[PDB]
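Notes follow the structure.
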Amino acid sequence: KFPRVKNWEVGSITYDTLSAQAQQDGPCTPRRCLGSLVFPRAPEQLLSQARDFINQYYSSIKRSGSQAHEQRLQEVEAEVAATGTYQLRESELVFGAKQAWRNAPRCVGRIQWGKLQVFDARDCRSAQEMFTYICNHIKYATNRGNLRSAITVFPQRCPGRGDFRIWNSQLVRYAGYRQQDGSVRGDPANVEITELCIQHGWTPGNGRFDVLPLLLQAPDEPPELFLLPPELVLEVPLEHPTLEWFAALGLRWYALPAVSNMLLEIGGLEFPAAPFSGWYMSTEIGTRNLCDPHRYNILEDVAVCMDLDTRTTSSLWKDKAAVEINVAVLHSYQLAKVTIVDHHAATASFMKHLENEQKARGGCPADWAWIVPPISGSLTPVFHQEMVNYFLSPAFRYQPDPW
Amino acid sequence: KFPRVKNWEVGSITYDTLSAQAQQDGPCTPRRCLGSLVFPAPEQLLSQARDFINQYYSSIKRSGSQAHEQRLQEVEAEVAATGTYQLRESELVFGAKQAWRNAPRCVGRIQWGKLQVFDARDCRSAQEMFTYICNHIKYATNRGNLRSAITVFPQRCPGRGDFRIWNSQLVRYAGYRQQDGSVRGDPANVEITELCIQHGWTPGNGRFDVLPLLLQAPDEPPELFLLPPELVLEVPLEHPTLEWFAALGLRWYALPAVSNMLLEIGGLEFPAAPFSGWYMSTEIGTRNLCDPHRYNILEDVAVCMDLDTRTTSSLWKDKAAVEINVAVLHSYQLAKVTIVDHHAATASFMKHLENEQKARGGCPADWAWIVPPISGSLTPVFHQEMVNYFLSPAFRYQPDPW
Ligand code: HEM
Ligand code: HEM
Ligand SMILES: CCN(C)CCc1cc(F)c(F)c(OCc2cc(C)cc(N)n2)c1
Ligand SMILES: CCN(C)CCc1cc(F)c(F)c(OCc2cc(C)cc(N)n2)c1
Ligand SMILES: C[C@H](O)[C@H](O)[C@H]1CNc2nc(N)[nH]c(=O)c2N1
Ligand SMILES: C[C@H](O)[C@H](O)[C@H]1CNc2nc(N)[nH]c(=O)c2N1
Ligand SMILES: [Ca+2]
Ligand SMILES: [Ca+2]
Ligand SMILES: [Cl-]
Ligand SMILES: [Cl-]
Ligand SMILES: [Gd]
Ligand SMILES: [Gd]
Ligand SMILES: [Zn+2]
């Protein structure tokens, strides 16, 4: 019942004892494995998760079964008996946010999990204070290009009340507009959110990197359109160290990866608005965002500019073009002094995280398909590491869009 | 409902209704997925046999016919009398093609219908086994115009040992464990190399020494057979524009021929059934030559390329690996040996998936194995959700016979 986990580059074996704690079920069954799928599908309820989280917390601080332990238990009981929900102590909030990141199986950057700035926004009312909470977050996390991990936790879900929601999937998004020639100008990923902005007031630009407004939702109100100050949104124009024409392509990306549409769950509590940010790995921008066929899809453009032989796959023009786009990314972020990490350094750090986590708690939930980079997969050590994927709590989950 | 499967490049949705027919269970549970792990009797045989027979008569559009009814009765009776049965010749050809069609980790399955099946079920010795393998190698190589083939040796039966090919492939380079602790040659082949020496083989000292075969007739120790050099087509590796690349002395062989998997058809088990197709360049260029535990040439090549190998952010590893794949493809094309690059191979597999959705309503596929080891998201299969499950007929891993 303890999975044997091998690394094939080295031969080392470990055993994942932690997978036995898997609180929730994943998509897989003995009959078929669905690990590749992106989205893979009363008061007595809330108590058992909430109780289980508090032991987690007090065990984490080497003070379990203690007087302070037993007092928080009867606190949350009576809180839930008197309100139907309960409130986290701020330190429990900090712990639960770090753990939820630590528990994310698809995040290659969890070497950084113990270093996360948590901003408590649980006292937030209305969308304007949302916007102010978000702008501080952005300015702290951006830090003039010396990026720092942060999360801002808005009021938890509670009965009878609506919900705090950020309609945008990220804090910084480029618009995608449809033409009558059928294509998209800008980021195809953001077509739907883009028209929602136009339909909620926004007047549309017409560039390929038009930063979107924020559609912020306070409980039981329609979302409100907010514009981010350009001086707030740090961007990196892309150039290549030796291909002088690359700059002319006009490519650019933003500094801050800030995911704003996932639900944060701690101890049976649910925070549908808790945006979190780190820094980018280069492949996210220069491979997926720019070269996915359903994203900016620039790979052929670049290949033409390199005078590559695009009429035969076996010249590997796609591979050569992709490598240079990633080199462009890394060189550009370093030139602008914006924190970036290349896929080799990142995956070597994740391996260190695996080792640390094997000692800390007997394993690490890891989703091989998302951990292995989208270029040079087998050139990184995570390709040769067997992984075990399971769901622990506290956690980040996807959720339905608000509309 | 069955698993809903999305292609993210196109937006399209399919439902893998075929997975509901999966028999032998895989290693995942609702509590934990292990899709990334490399290695994770009368009435039993009848249900296996009858389902296979049904698959056979379905394929030839004669399901429920008289011949179909009678063949089931015939199989049932033989199992009753003897505890086992024999495939008809046409069932063996069809079974072998279905085992390939069912292999979730094979990206070259667009070809599954084009498979030469050599029936060696009347094989009786290791010498005859060697002759069958040489004929297979000769046919499949075809002087570089590679043809997919499988040779099926006698099935397992009670009271008699198995035929086994001890080698993992028909062509494998020696891996000599060095007195340092290093390896000269292919480190993946240290074990089989040591068993060849121990069984009489006088070893070489090169990095690309072709191993002899150890062939196991039933209830015998393995016997050693040297492949005739002229039967083993090899490609010197050179680079189209990096002329020093030739001086690295690198070579690979032409024929990928897997010899240590068990072929299972209708409950019957063939422990020796070596099969071959042609290479996808990344198998050679990326895995065999650049894996750290294989030939591990990445740093040497990059150094020779005058790349800045002291910071990872130059992406010296990616650039050298690309040129090594370029060299492989260039060198096989120059030698006129069939080979397929990872873009063409993955594009053909998308066609296969679409065909199988129409033919059977699904297709078992191992995403981690189908996505190539370089340029993953540049290929279309990266953005294709897949469902992984076991159908029969199948090629299965089996314990090493020693
Ligand atoms: C600090 C630098 C970080 C790096 C380099 C990094 C890297 C990555 C990458 C490459 C992914 C895959 C995302 C995709 O492919 O679209 C990912 C996913 C994820 N990250 Fe991290 N990350 C970082 C910080 C964080 C932080 C601070 C948090 C939360 C506090 C976090 C939580 C997550 C979650 C929940 C996912 C899964 C989302 C999904 O399913 O796409 N990450 N990370
Ligand atoms: C004709 C061209 C073919 C191509 C291009 C091709 C391609 C591939 C590749 C790249 C792999 C991954 C192997 C690895 O990385 O270890 C693979 C696996 C596999 N191939 Fe194919 N193949 C071909 C022919 C065949 C044939 C003729 C058969 C059987 C009759 C076959 C059966 C398999 C099986 C069973 C696996 C899975 C092995 C495992 O699980 O390790 N292939 N194939
Ligand atoms: C290519 C497909 N991708 C764009 C899917 C979109 C997506 C969904 C999601 F829920 C995510 F958390 C996500 O995280 C990107 C990310 C987040 C953080 C904090 C750091 C880094 N470095 N990166 C990205
Ligand atoms: C890199 C590690 N890997 C190569 C392990 C070796 C291996 C194991 C295995 F079970 C296989 F089926 C295998 O077949 C590769 C193959 C087979 C055929 C018929 C065609 C092609 N083109 N390729 C190769
Ligand atoms: C279908 C497939 O799971 C999908 O393309 C996955 C594969 N691996 C990934 N890996 C990362 N890091 N990000 C992704 O979006 C994906 N997408
Ligand atoms: C641990 C991991 O599953 C293992 O290295 C797999 C990953 N995917 C693969 N895919 C293919 N085609 N070939 C392989 O050898 C592997 N190795
Ligand atoms: Ca029109
Ligand atoms: Ca008979
Ligand atoms: Cl992103
Ligand atoms: Cl191989
Ligand atoms: Gd030019
Ligand atoms: Gd040259
Ligand atoms: Zn699974």
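Each position is counted from 1, following the chain as shown.
Going by what the header records, the deposited coordinates were determined by X-ray crystallography, 1.9 Å.
Each residue, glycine too, has its Cβ placed from N, Cα and C.
The annotation Zn(2+) binding site is assigned in Swiss-Prot to A:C28, A:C33 on the grounds of experimental evidence. The (6R)-L-erythro-5,6,7,8-tetrahydrobiopterin binding site annotation in Swiss-Prot covers A:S36, A:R288, A:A369, A:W370, A:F383, and the record cites experimental evidence as its basis. Per Swiss-Prot, heme b binding site is recorded for A:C107, A:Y398, and the stated evidence type is experimental evidence. The L-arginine binding site annotation in Swiss-Prot covers A:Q170, A:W279, A:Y280, A:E284, A:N289 and is backed by experimental evidence.
In the three-state DSSP scheme, A:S36 ((6R)-L-erythro-5,6,7,8-tetrahydrobiopterin binding site) falls into the coil class.
A:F383 ((6R)-L-erythro-5,6,7,8-tetrahydrobiopterin binding site) is surrounded by 21 other CB atoms, counting those within 10 A of its CB over all protein chains shown.
Across the 11-residue gap left unmodelled in the deposited entry, the distance from the Cα of A:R41 to the Cα of A:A42 comes to 23 Å. Checking the binding-site residues A:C28, A:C33, A:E284, A:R288, A:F383, A:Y398 against ligand 9, the ones with a C-beta less than 6 Å from an atom of that molecule are A:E284. The binding-site residues shown are A:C28, A:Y280, A:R288, A:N289, A:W370; of these, the one with its CA atom nearest the CA of A:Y398 (heme b binding site) is A:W370. By a Cβ separation below 8 angstroms, chain B lies close to these of the binding-site residues A:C28, A:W279, A:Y280, A:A369: A:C28, A:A369.
Residue density at A:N289 (L-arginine binding site): 18 other Cβ atoms are found within 10 A of its Cβ, drawing on all protein chains shown. Take the mean position of the Cβ atoms of A:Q170, A:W279, A:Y280, A:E284, A:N289, the recorded L-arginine site; other residues of that chain with a Cβ within 8 Å of it are A:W253, A:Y254, A:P257, A:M281, A:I285. Around A:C107 (heme b binding site), a 10 Å sphere centred on its CB holds 20 further CB atoms from the protein chains shown.
Between the alpha carbons (Cα) of A:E284 (L-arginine binding site) and A:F383 ((6R)-L-erythro-5,6,7,8-tetrahydrobiopterin binding site) lies a span of roughly 17 Å. Comparing the binding-site residues A:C28, A:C33, A:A369 by how many other C-beta atoms lie within 10 angstroms of each C-beta, the top residue is A:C33.
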